[PDB]
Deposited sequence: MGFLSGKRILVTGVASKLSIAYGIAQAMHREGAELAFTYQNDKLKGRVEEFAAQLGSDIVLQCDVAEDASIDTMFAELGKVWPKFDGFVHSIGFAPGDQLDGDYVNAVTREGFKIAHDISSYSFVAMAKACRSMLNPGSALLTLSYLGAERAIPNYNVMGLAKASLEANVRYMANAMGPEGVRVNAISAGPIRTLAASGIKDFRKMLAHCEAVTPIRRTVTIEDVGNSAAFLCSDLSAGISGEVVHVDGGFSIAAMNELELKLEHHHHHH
């Protein structure tokens, strides 16, 4: 398929409901060789078990809060893939107290710091650590949300972090393009994943396609953006939300 001969690292697989899971089955269907990271020991077996289904045995600890963990992870990966063709960054976090109710009351300095570090900085932190391993033609991809561009109740400081993240996409694109690397985001519509219970009160009637997008839709667009078919696209946030953001009333 259209990713044959590519090697792609995939972060953030937590269950079969994860966006990262849909992106992985899609790139896998399309002929990519895959490798996987997992945040910590609680998810090691699970992620090894999801990896195994997709015929990868490359499954590595990576907590993106830690420079040493990202560095170690890429060192270990370089033993099997001294070069590869990019990564999918599918990782968000803010402490639970940040997303309950009025934004200005819930936000704290520490909550802001963690949300931005894990949801935004980690993307460029991964890029720094593997920059010399990337082939020409490589593509990096992260996931964002409409909360970057609009004030969405309860999403709160995550909206700020995703705005920081989309700006990260542009700065990374502009920096890395000259060495042959593209960097994009998918602004995904809402899907019912493990991380979405963290959000309070979690629209298909006012989406133009009249249904919510699935991890399959998101996965297919992802595969496209990490392939040579999208060689003309970098620094872009592609809305995969069924047209929701372009509608009003």
If I number the deposited sequence starting at 1, which residue ranges have no C-alpha coordinates at all? 1, 204 to 209, 257 to 270
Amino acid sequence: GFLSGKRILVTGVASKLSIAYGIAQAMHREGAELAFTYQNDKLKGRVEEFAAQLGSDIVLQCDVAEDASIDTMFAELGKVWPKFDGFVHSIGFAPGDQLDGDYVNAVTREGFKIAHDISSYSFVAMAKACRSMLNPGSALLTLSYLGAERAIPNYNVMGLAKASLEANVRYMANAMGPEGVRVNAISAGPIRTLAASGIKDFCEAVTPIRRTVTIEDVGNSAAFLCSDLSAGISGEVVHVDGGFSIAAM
From here on, numbers count along this sequence of modelled residues.
Is the mean CA B factor in the deposited entry higher across 23 to 31 or across 181 to 189? 23 to 31
Which of 105 to 113 and 167 to 175 has higher mean CA B factor, as the PDB entry lists it: 105 to 113
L17: C-alpha B-factor third of its chain, per the entry, is the highest
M133's Cα B-factor: lowest, middle or highest third of the chain? middle
Quick tally, chain-level thirds of C-alpha B-factors: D71 sits in the middle
What third of its chain's C-alpha B-factors does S221 belong to: lowest, middle or highest? lowest
When the deposited Cα B-factors of this chain's modelled residues are ordered and cut into thirds, is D85 in the lowest, the middle or the highest one? middle
